[PDB]
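A.B. asks: My file is query25.txt. It has compact mmCIF, C-alpha atoms:
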# COMPACT_ATOMS: atom_id res chain seq x y z
CA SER O 1 27.41 -1.84 -0.40
CA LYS O 2 23.72 -2.05 0.55
CA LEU O 3 22.95 1.50 1.70
CA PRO O 4 19.80 3.24 0.38
CA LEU O 5 20.98 6.27 -1.63
CA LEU O 6 18.89 8.66 -3.71
CA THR O 7 19.86 10.85 -6.66
CA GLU O 8 18.90 14.30 -7.90
CA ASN O 9 15.92 12.83 -9.80
CA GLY O 10 14.91 9.67 -7.98
CA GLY O 11 11.82 7.52 -8.25
CA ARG O 12 11.15 3.79 -7.88
CA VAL O 13 14.57 3.17 -6.31
CA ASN O 14 14.37 1.67 -2.79
CA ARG O 15 11.41 -0.58 -2.01
CA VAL O 16 11.04 -2.65 1.16
CA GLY O 17 8.60 -5.18 2.56
CA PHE O 18 7.50 -6.78 5.80
CA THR O 19 6.69 -10.21 7.22
CA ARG O 20 4.78 -11.71 10.16
CA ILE O 21 4.88 -15.17 11.74
CA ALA O 22 2.60 -17.16 14.03
CA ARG O 23 2.97 -19.31 17.16
CA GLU O 24 0.61 -21.88 18.65
CA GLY O 25 0.01 -24.21 21.57
CA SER O 26 -2.37 -26.97 22.61
CA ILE O 27 -3.85 -28.61 25.71
CA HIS O 28 -4.07 -32.22 26.88
CA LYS O 29 -5.90 -34.37 29.43
CA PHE O 30 -4.47 -36.33 32.38
CA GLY O 31 -5.94 -38.44 35.16
CA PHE O 32 -5.68 -41.48 37.42
CA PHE O 33 -7.75 -43.29 40.04
CA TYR O 34 -7.74 -46.04 42.67
CA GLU O 35 -10.19 -48.66 43.95
CA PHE O 36 -11.08 -50.27 47.28
CA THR O 37 -13.62 -52.61 48.87
CA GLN O 38 -16.04 -52.30 51.78
CA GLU O 39 -14.26 -54.98 53.81
CA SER O 40 -10.99 -53.06 53.45
CA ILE O 41 -12.52 -50.01 55.13
CA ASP O 42 -14.58 -51.86 57.74
CA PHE O 43 -12.08 -54.44 58.99
CA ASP O 44 -8.91 -52.34 58.77
CA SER O 45 -7.30 -51.50 62.10
CA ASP O 46 -6.90 -47.82 61.18
CA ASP O 47 -10.01 -45.68 60.84
CA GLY O 48 -9.71 -42.59 58.69
CA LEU O 49 -7.53 -44.34 56.11
CA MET O 50 -9.60 -42.61 53.43
CA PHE N 1 -1.58 32.53 -22.80
CA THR N 2 -2.37 29.69 -20.38
CA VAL N 3 0.45 28.84 -17.96
CA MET N 4 0.52 25.87 -15.57
CA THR N 5 3.28 25.38 -13.00
CA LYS N 6 3.78 22.59 -10.46
CA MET N 7 6.66 23.05 -8.04
CA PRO N 8 8.29 20.00 -6.43
CA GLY N 9 6.60 18.80 -3.27
CA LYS N 10 3.59 16.74 -2.27
CA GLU N 11 1.57 17.52 -5.40
CA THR N 12 4.27 16.07 -7.66
CA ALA N 13 4.50 12.89 -5.57
CA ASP N 14 2.98 9.83 -7.26
CA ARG N 15 3.75 6.14 -7.62
CA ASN N 16 6.12 6.99 -10.47
CA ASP N 17 8.06 9.40 -8.24
CA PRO N 18 7.35 8.56 -4.57
CA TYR N 19 9.56 11.44 -3.38
CA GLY N 20 8.28 14.34 -5.49
CA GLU N 21 11.64 15.63 -6.71
CA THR N 22 10.50 17.04 -10.08
CA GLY N 23 8.42 19.85 -11.55
CA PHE N 24 7.41 21.47 -14.81
CA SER N 25 5.95 24.58 -16.44
CA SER N 26 3.99 24.88 -19.68
CA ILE N 27 2.37 27.47 -21.94
CA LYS N 28 -0.15 27.13 -24.78
CA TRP N 29 -2.47 29.21 -26.95
CA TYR N 30 -4.78 29.23 -29.98
CA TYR N 31 -4.26 31.22 -33.17
CA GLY N 32 -5.88 31.79 -36.55
CA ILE N 33 -6.63 34.48 -39.10
CA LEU N 34 -9.29 35.18 -41.74
CA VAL N 35 -8.50 36.89 -45.04
CA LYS N 36 -11.35 38.94 -46.50
CA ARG N 37 -9.69 40.77 -49.43
CA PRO N 38 -6.67 38.86 -50.75
CA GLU N 39 -6.09 41.34 -53.58
CA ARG N 40 -5.07 44.06 -51.11
CA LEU N 41 -1.94 42.11 -50.11
CA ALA N 42 0.97 42.61 -52.51
CA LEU N 43 4.34 40.86 -52.66
CA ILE N 44 7.58 41.07 -54.66
CA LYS N 45 10.20 38.30 -54.79
CA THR N 46 13.83 39.20 -55.46
CA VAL N 47 17.36 38.02 -54.77
CA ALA N 48 19.59 39.90 -52.36
CA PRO N 49 23.28 40.84 -52.47
CA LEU N 50 25.92 39.53 -50.09
Show me the file's structure as structure tokens.
C.D. replies:
Amino acid sequence: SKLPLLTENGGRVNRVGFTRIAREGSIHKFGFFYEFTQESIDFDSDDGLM
Amino acid sequence: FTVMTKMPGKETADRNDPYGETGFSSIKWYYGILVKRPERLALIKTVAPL
């Protein structure tokens, strides 16, 4: 039913068009930390805990 | 006589006919006369038989 067919004298019969689309992405930030004291390092039995 | 011909092809192609399936041919001219001595032209008007 939807085939493009011409005739003997054909003009302005079969017009077509085009389309484009877009994609996107984003970035985020992460992080974490820990704390300690001087006594914890100095008086601990295990050196090199750091 | 001035004659202009355009066969079907690229030259016929336009927005009205994007495929160029048509053609044409034409002819034209100019004409005119000047009468200097009208009295030298004679005419007779009659009926004619079957």
A.B. asks: Write down, as a VMD selection string, each residue of chain N that has any atom within 6 Å of an atom of chain O, counting all atoms listed in the file.
C.D. replies: chain N and resid 17 to 18 21
A.B. asks: Work out how far CA of residue 3 (chain N) is from CA of residue 28 (chain N), in Å to one decimal.
C.D. replies: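 These atoms are spaced 7.1 Å apart.
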A.B. asks: Which polymer residues, protein or nucleic acid, are no farther than 10 Å from (-0.1, 31.4, -27.8), counting only C-alpha atoms, as a list in words?
C.D. replies: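 Taken together, the residues in range are residues 1, 2, 27, 28, 29, 30 and 31 of chain N.
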A.B. asks: Could you tell me how far CA of residue 20 (chain N) lies from CA of residue 5 (chain O), in Å and to one decimal?
C.D. replies: 15.5 Å
A.B. asks: When you draw a straight line from CA of residue 20 (chain O) to CA of residue 2 (chain O), how long is it in Å?
C.D. replies: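 Result for CA of residue 20 (chain O) versus CA of residue 2 (chain O): 23.3 Å, one decimal.
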A.B. asks: Nearest residue to residue 49 (chain O) out of O:27, O:17, O:36, O:4, using only C-alpha atoms?
C.D. replies: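 Selected residue with least distance to residue 49 (chain O): O:36.
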A.B. asks: Put the listed atoms of region 33-48 of chain N in a box along x, y and z with 3 Å added on every side and give me the centre and edge lengths in Å to one decimal, as lines of an AutoDock Vina configuration file.
C.D. replies:
center_x = 4.1
center_y = 39.3
center_z = -47.3
size_x = 36.9
size_y = 15.6
size_z = 22.4
